């Protein structure tokens, strides 16, 4: 299986290939004066099974680039194409919240099911979006890797989910840290943060409001060292400054989405799903 | 038939709807903090035949927005969707110019043939790209409209094609202006521009080199008033300044692609293909 | 006086130069792979008075490009540089609306007063921003040109200002059309739109809310043909579709800011201020 | 001294403030629908000495945001403003390489000398650009930090400069690693890479050509494990894939410019220059 680098996951694809002990295929990527995408599989392809690793921080670019790469691979003999989109865009919702709307992941799943034979993604917000796919839809979990990153720097912490929705992430991390866990309902449903270290974990941190809010409160409830972790560090605008001011000790994310805090890698997580 | 506005052809869709004497459907368009596209058919849809008019100056955005709109329309009863993409992106080439490459229009034609029942575009560069579509692929010609715009301001002009490839545009315009026509082979193959007005016409002007070059020469051959027209005024970077300096009297384009010179409309041209 | 084209006003600079019957200076503009701006006065400069015409739709790019061009001109002998920024960015506000804020036009006026000897702009939102400049700050009015564009297509119209703030624009246009004028206070303060054509005029239309609102109401008060005009057609997102749906007959703007409806030119207006 | 976060160095500013054991000032940053920048010092400012830490990956945005922040700080009592621009844009060249050009750093130095009292940057390409400033121009070196990152994973390596220009970086790292050093002149001027680990170090890696070239050759000369480090990991387009394919063991950069490999921090380096 050759590893094909998408323009948005060049380091992750490299790390994965290294783990798979596979030669990393040279993929040419550039923009015409138009700004149209130009892709090109430079190395010669003998193998007939490729794995495209291209996350979607720049959503529409990732979609088109992937479409073009698949065409290029098929036109070169590749029989099976697996797409690894660490961060999958347009997959936040399950349905319409208003008449006249579209179900974006539904429309894209149709295209994916036609151009690739398998799709892998890390920590999707909605697990049910797979119902729209007619090809294998595999999802890995990076929460364990985040937990392993902090057990090293927190003293008998309480693992909190920013809301009930993220309770599972807290539980997962909770098990790895041998700590208690709960979720803010505003305050934790059961536990008390007075004089305790806290590990707030969620799948995404965009705006930072939900997070910054939890932190300010927890600090008021006498929380000690607080670390906020997320799988997809979207961190829009001044999100990071917002969290730091609220008083977090540190914010950490993974490399599914490029940020100033993408410290943890999902390479191993991806390798296991291959 | 309801007219559905794409975010990139709001004025053109309006002009078309007006000609079709149809009520223009209100379509909500915005970006999430993510910068992901959000679309929404606000007005209620009774009719089951819609026409999406969305050009592709911002290529990847147009492709994704179109995909989302089709999903939204289908999920609302629409049985037939016709896509009008005045300027169609990724359709410049017919095949590969290097191994390992993709045929972009081939890959996209597959998606188009699946989400829409008919595709209309104005002055494609390559007429053969239609072979990749499994749905009706209609193309209109806006050259006649450009010709009609200049017959008013040129004195017994010579219609020139920047190269042999664009000879047909020159011939088309030539007929409407009752003028002679030729093409640069560098100099015109047969005609002579000494003391004559010139109408240079092509389908696209990106960089401006081909054009600027023709103009400087023609000026040297004693050409008088020179007007340069194109259907898709891509005019990248300093393209316009380049042409003006070379000495053109005026540059004019259509509204298939937004530019500072998109003076001619293709609304009527589109209405006739519906 | 040589005319120096900014990358954002290539057509306007051309039209102005033509009116001034001056040879248009060839100005090289491109982006490094970095995406850093590269400018270059190609033609040789003998004259020592230049006029830079560069509007600021892409705000920060226009500011830096202008700074670089001034340096390039000075380093070439130019003694007097006049900057024409049809649309001037960061000049919407007069002061702070919250502690800790900045007065953006104040900070930029300082830079302008240092790199250019004169600044010209069309229809500023706040006339008092000139108090921050220590160089001549001239502003032209394009409303008369908008009025002249519609008198041709409205039957004894009522000229309305979207709000009291824009009453002067309505009055100006009103005089040219020999029509009555008023302003919405929601409804017109004095006049009545029952069975009447309406010319809504303002300096800017961004979001379209203020406008779309006025149109829907006016339609309800039995307004007939409604035309909405603005000097700076910012028209963000689905603004145009919003207005068309509300029922406007047409939206028209000038070429100070590129839009799908920048029909009226401010070239003559600029030429008179030179 | 309060630390003021720029929107582009939120993590670095945090790390620096933490080292300076200073409370990190909350700075509001957002975009108007226009896309114009909005900044706001939220926390109250008592101290009258601030340090702005805002790198310039997005060049023109950083320049304008900095200008606005300075205005906001002055208007709030701050007497001394020090600007830390880890990566300083438009400072690559010392002079003109063609008539009609500008000296970008010269034009910007004028603005900097007027809005800030001190400017700090990390590893400038051209040390002479300081001659254009009329305020203190301090530059720190992050090469030592890169060297410290690799001594851990290279076996008695040869430190190479991609060209003569970068010989000093190689020498600096060379000292810290107690290794020999040289520079490609194509091949090393003196040393021989046969059966040896290699540490290629430069200040910047944009396109990757210079680098990828050196790596392919070195591999041919029988080089073993090769690590490529740079201070500013601009890594445009498919730069990383290019290097990985050439055969580098790893590419590492600092956090002056956000990339998928910004592993080393310059926080300490900055703290020492304060």
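Quick notes on this one:
- Per-residue mean of foreign Cβ neighbours for D:94-107 is 6 (Cβ atoms of other chains, 10 Å radius).
- Alpha carbon convex hull of the stretch B:2-86, projected area averaged over orientations, nm²: 5.2 nm²
- Cα pair count fraction exceeding 25 Å, expressed as % - the stretch C:142-265: 10 percent
- Over the stretch C:23-75, relative contact order from alpha-carbon pairs under 8 Å, at least 6 apart, %: 28 percent
- Isotropic mean projected area of the C-alpha convex hull, the stretch A:74-116 (nm²): 3.9 nm²
- If you take the Cα centroid of the stretch A:236-260 and the Cα centroid of the stretch D:212-274, the two points sit 24 Å apart.
- Distance between modelled label sites at residue A:185 and residue B:148, nm, 7 Å Cα→Cβ extension: 7.1 nm
- When the square roots of the Cα gyration tensor eigenvalues are ordered a ≥ b ≥ c, the ratio a/c for the stretch D:128-192 is 1.5 or more and a/b does not exceed b/c, which makes its shape oblate.
- Annotation for residue D:34, label-to-label distances across the other copies: 2.6, 2.9, 3.4 nm (shortest first, one decimal, point 7 Å from Cα along Cα→Cβ).
- Placing a label point 7 Å from the Cα of residue B:273 along the Cα-to-Cβ direction, the residues of the stretch B:25-66 whose backbone N falls under 13 Å from that point are B:52-56.
- Here the sum of -39500 (n - 2.57) over DSSP H runs of 4 or more residues, divided by the residues of chain D, equals -9000 deg cm²/dmol at 222 nm, to the nearest 500.
- With a simple spin-label model that places each label point 7 Å from the Cα along the Cα-to-Cβ direction, the separation between residue A:125 and residue B:38 comes to 1.1 nm.
- Euclidean distance of C-alpha centroids, the stretch B:136-154 and the stretch B:62-89, integer Å: 26 Å
- In this simple spin-label model, placing a label point 7 Å from the Cα along the Cα-to-Cβ direction at both residue D:139 and residue A:163 gives a separation of 4.9 nm.
- Footprinting exposure proxy ranking of C:232, D:128, fewest other C-beta atoms within 10 angstrom first, gives D:128, C:232.
- Residues in the stretch A:123-142 that a label on residue A:80 would reach, taking backbone N under 15 Å of a point 7 Å out along Cα→Cβ: A:135-138
- Across the copies of the chain, residue B:192 has label points (7 Å from Cα along Cα→Cβ) spaced 7.1, 7.5, 10.3 nm apart, shortest distance listed first.
- Cα shape, the protein assembly as shown, gyration tensor, a/c 1.5 rule: rounded
- Two-decimal Rg/Rh across chain B, once Rg and the Kirkwood Rh are taken from alpha-carbon atoms: 1.01
- Only Cα pairs under 8 Å and 6+ residues apart enter the sum, and on that basis the relative contact order of the stretch B:97-173 stands at 25 percent.
- Ordered by the count of other Cβ atoms within 10 Å of each Cβ, fewest first, C:5, B:245 give B:245, C:5.
- In chain A, the beta carbon lying closest to the axis that superposes A onto B belongs to the residue given here with its whole-angstrom distance, A:60, 2.
- Summary for residue B:98: label point 7 Å along Cα→Cβ; distances to the equivalent points in the other copies, ascending, 2.5, 4.5, 4.9 nm.
- Peptide D:34-42 has a mean of 6 when you count, residue by residue, the C-beta atoms of other protein chains within 10 Å of its C-beta.
Cβ atoms come from the backbone with ideal geometry, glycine included; neighbour counts cover every protein chain shown. Every number here is computed from the coordinates shown, using simple stated rules; none is lab data.
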